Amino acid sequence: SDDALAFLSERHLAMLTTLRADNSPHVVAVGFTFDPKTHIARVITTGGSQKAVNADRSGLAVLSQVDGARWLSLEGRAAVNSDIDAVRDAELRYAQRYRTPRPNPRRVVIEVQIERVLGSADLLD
């Protein structure tokens, strides 16, 4: 829905859930971006972070955002992309929502192909 898309444009952090090797959830705050056309969500991080290692190793992620009583969780399949062009593009998408990220040659992108969306009733449909 359009209210959902506006919510996803607001400047807030979200929680990224990935799985550790033992299947325990690792849940940490991140910024993210969401492309409504492709359904790809992106998190930028430094290579080798626990987020990146978990996303690469287990292949899934959830991004969960809440403000007041409004919330969404976006679930999907995750991979890590270290291609320089992909990283630049993700940095610019990030800047579009947040602000210009600090330069970091070690930056990688966690790309999540969203399959399922849960959320508050005011944001679904």
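Start at 1 and count along the sequence shown; that's the residue number.
Just going by the entry, 97-105 versus 12-20 on mean CA temperature factor gives the higher value to 97-105. Taking the mean C-alpha B-factor of each stretch as recorded, 73-81 and 88-96 are not equal, and the higher mean is that of 88-96. Ranked within its chain, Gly48 lands in the lowest third, by CA B factor from the PDB record. When the modelled residues of the chain are ordered by C-alpha B-factor, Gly59 sits in the middle third.
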